[PDB]
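See structure below.
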Amino acid sequence: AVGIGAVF
Amino acid sequence: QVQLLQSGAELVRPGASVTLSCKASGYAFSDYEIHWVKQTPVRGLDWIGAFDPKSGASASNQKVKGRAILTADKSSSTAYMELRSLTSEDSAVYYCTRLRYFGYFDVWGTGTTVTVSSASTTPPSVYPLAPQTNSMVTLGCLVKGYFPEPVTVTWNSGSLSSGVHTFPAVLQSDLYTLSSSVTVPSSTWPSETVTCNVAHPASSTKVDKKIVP
Amino acid sequence: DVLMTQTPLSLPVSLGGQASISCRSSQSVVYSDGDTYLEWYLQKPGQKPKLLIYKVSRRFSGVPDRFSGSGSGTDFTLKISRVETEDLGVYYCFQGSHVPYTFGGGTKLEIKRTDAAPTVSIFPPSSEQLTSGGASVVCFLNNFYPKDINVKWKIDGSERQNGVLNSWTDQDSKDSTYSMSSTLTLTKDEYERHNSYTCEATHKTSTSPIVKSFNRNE
């Protein structure tokens with residue numbers, strides 16, 4: 001998965 | 001030696017809360033998020049939520065919310081998930097697993113079996129099962145009248161691997177019952193001690209029953 | 001939200017055969033980094049979930065080459081060659097590109113093997129159970145194939161069908177056989193009002209039943 005914490 | 005440790009089981013009254021613990025070892029805690037996945041009895045993985053110790057972010061899937069609070073203790077390298085106002089619809093095995101950014105769920109926890117009921121904890125009553133020649137002896141262990149799931153049954157504290165069948169428990173009138181089978185060479189029994197180890201984490205009870213003729 | 005339709009629900013394959021699992025998403029699962037975060041997981045009976053495939057076609061460390069993942073847009077495929085007894089379990093596709101992340105419904109791999117007759121063992125109620133008012137007589141029918149089997153209880157020659165509980169193991173991790181326990185539960189008072197207890201198994205293996213017995217007097 002991407003990770004809920006990676007997009008910022 | 002990466003590992004994620006969780007409590008064995010939690011019995012929760014309906015409408016109460018539970019706080020699940022997922023503690024990591026063997027790596028830098030803040031470099032991996034901690035995700036929580038709900039497993040339902042026969043199948044179904046369901047992603048509940050996640051916490052990122054690096055950024056402090058939280059997220060949950062929407063069948064649960066108003067009720068899931070995801071935190072983490074970086075001091076103690078521990079993640080926590082709180083689930084409020086529980087119903088029987090929340091009873092399941094909850095797994096924790098780790099995720100590096102753009103990575104994957106490579107390491108999982110043992111899982112915590114959560115049971116939502118008004119009924120009380122009941123430890124099991126463990127009964128020995130003793131009975132051809134030219135044979136191997138099949139022996140048993142009767143684990144009756146416990147609540148809630150699960151129970152772990154081993155033989156010789158894990159030293160008797162092969163020939164062991166643990167049958168799924170059957171629920172009836174708010175009580176569980178299962179049996180465990182083990183087969184050993186006739187030369188070994190009753191010559192060598194064969195002992196049945198029953199563990200019920202919700203009772204925090206552990207019972208040992210030697211199988212005697 | 002993003003939806004994950006997995007077919008089939010169970011998948012019979014011969015030992016050494018070829019298996020093919022399909023998973024299909026409601027939308028495209030390409031992420032805003034260019035990659036497609038499609039994963040395949042396996043959960044064996046009584047064990048924690050395990051990772052096999054990530055990034056539609058890439059194999060995780062320690063996963064053999066028999067497992068092959070492929071996908072394009074909304075249609076994804078996991079292929080297992082030369083299926084082993086160790087391949088048994090439920091396989092889940094997983095999308096990790098749009099939160100909330102979602103799993104498929106799962107596909108249960110049931111493997112076909114040769115027929116095996118059950119080994120029957122009968123056990124009288126324990127001394128410890130009787131001294132507290134109860135009496136269960138347990139009958140094990142172990143390592144048989146196929147799954148369908150019938151157990152008949154007889155007390156002093158007359159068939160008894162109430163108070164009997166049946167439960168099947170999952171398919172055996174090692175020899176892909178099934179085992180089954182059946183339990184006739186009595187009070188100590190009714191148990192000691194009869195003498196001979198019989199357990200009768202009929203299975204596709206044989207025409208006449210496999211019978212195990214004991215007598216309370218003996």
Side-chain angles (χ1 to χ4, degrees), chain A, chain B residues 2 4 24 27-37 45-62 70 79 95-108, chain C residues 1 3-7 19-43 48-81 90-107:
Chain A
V2 172
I4 64 147
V7 71
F8 289 0
Chain B
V2 173
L4 305 170
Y27 72 97
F29 183 62
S30 268
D31 280 333
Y32 290 77
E33 307 184 339
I34 286 309
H35 293 234
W36 299 87
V37 179
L45 302 181
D46 215 294
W47 179 82
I48 296 303
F51 184 91
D52 179 19
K54 194 179 310 223
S55 64
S58 325
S60 325
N61 78 331
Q62 313 277 334
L70 301 146
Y95 289 95
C96 77
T97 182
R98 74 171 193 171
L99 169 72
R100 174 163 170 250
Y101 294 156
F102 310 96
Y104 33 66
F105 302 146
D106 59 342
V107 170
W108 296 66
Chain C
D1 308 41
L3 288 137
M4 299 294 277
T5 289
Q6 212 168 318
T7 66
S20 204
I21 308 194
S22 165
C23 182
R24 176 190 240 120
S25 65
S26 63
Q27 55 218 257
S28 153
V29 280
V30 191
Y31 182 61
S32 80
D33 76 333
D35 301 312
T36 299
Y37 294 83
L38 202 286
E39 285 139 45
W40 285 92
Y41 295 89
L42 165 60
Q43 198 182 12
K48 59 171 165 184
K50 180 198 327 148
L51 169 66
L52 314 176
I53 300 292
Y54 70 94
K55 273 203 188 100
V56 188
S57 78
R58 316 204 202 168
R59 265 181 290 265
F60 185 57
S61 301
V63 193
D65 61 344
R66 324 180 275 109
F67 294 82
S68 301
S70 70
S72 36
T74 63
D75 292 350
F76 298 95
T77 305
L78 175 69
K79 292 186 229 286
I80 314 160
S81 280
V90 180
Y91 292 80
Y92 297 92
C93 50
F94 169 87
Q95 77 89 9
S97 293
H98 312 290
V99 304
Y101 304 144
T102 47
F103 293 82
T107 295

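Computed over heavy atoms, backbone and side chain alike; hydrogens, waters and symmetry mates excluded. Chain A is the first sequence line, chain B the second, and so forth, proteins listed ahead of strands; every chain is numbered from 1.
Proximity of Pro64(C) to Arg59(C): side-chain heavy atoms (C-beta onward) are nowhere separated by under 4.5 Å. A 4.5 Å side-chain heavy-atom check between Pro49(C) and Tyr95(B) finds at least one atom pair inside the cut-off. The shortest distance between side-chain heavy atoms of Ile21(C) and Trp40(C) falls below 4.5 Å. A 4.5 Å side-chain heavy-atom check between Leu3(C) and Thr5(C) finds every atom pair outside the cut-off. Residues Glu33(B) and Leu70(B) are not in side-chain contact: their nearest non-hydrogen atoms beyond the backbone lie 4.5 Å or more apart.
A distance-only check finds no donor-acceptor pair linking the side chain of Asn61(B) to the backbone of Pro100(C) [under 3.5 Å]. Within the 3.5 Å criterion, the main-chain N or O of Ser22(C) finds no donor-acceptor partner in the side chain of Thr77(C). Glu39(C) places no side-chain N or O within donor-acceptor distance of the main-chain N or O of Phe94(C), the cut-off being under 3.5 Å. Side chain of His35(B) to main chain of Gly3(A): no donor-acceptor pair is present (N/O by atom type, distance under 3.5 Å, no hydrogens or angles). At distances below 3.5 Å, at least one donor-acceptor pair connects side-chain atoms of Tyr101(B) with backbone N or O atoms of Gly5(A). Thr36(C) places no side-chain N or O within 3.5 Å of a backbone atom of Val56(C) that could act as its donor or acceptor partner.
Classified by interplanar angle (parallel below 30°, tilted 30° to 60°, perpendicular above 60°), the ring pair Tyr31(C)/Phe102(B) is tilted.
Interatomic distance, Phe60(C) CZ to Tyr104(B) OH, rounded to the nearest 0.5 Å: 5.5 Å. For the atom pair CG of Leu4(B) and CZ of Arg98(B), the computed distance is 7.5 Å after rounding to the nearest 0.5 Å. Annotation: the span from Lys79(C) atom NZ to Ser20(C) atom OG amounts to 4.5 Å, rounded to 0.5 Å. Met4(C) CE to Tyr92(C) OH: the interatomic distance, rounded to the nearest 0.5 Å, is 13.5 Å. The line from OG of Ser61(C) to CG of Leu51(C) is 9.0 Å long, rounded to the nearest 0.5 Å. Interatomic distance, CG of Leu99(B) versus CG of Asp31(B), reported as 12.0 Å (0.5 Å rounding).
Every residue meeting the ring-ring contact (aromatic ring centres under 6.0 Å, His included) condition with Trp108(B), not counting sequence neighbours, appears here in chain and number order: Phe105(B), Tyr41(C).
Contacts classified as salt bridge (charged side-chain N to carboxylate O under 4.0 Å, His left out) and involving residues 66-76 of chain C (residues at least two apart or in different chains) are given here: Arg24(C)-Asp75(C), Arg66(C)-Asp87(C).
Of all non-hydrogen atoms in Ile34(B) and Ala79(B), the two that sit nearest each other are CG2-CB, 3.6 Å. Between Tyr91(C) and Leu52(C), the shortest heavy-atom distance links the atoms CE2-CD1, 3.5 Å. When every heavy atom of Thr97(B) is checked against every heavy atom of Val107(B), the shortest pair comes out as OG1-O, 2.5 Å. Across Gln27(C) and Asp1(C), no two heavy atoms sit closer than the pair NE2-O, 3.6 Å. Scanning all heavy atoms of the two residues, the minimum distance from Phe67(C) to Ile53(C) falls at O-CD1, 4.4 Å. Here the closest heavy-atom approach between residue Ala24(B) and residue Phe29(B) is recorded as CB-CD1, 4.0 Å.
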* Asked: So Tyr54(C) and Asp106(B), side chain to side chain donor-acceptor pair (under 3.5 Å) or not? Walk me through it.
  -> CA-CA 10 Å; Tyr54(C) 70 94; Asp106(B) 59 342; over 6 Å; no
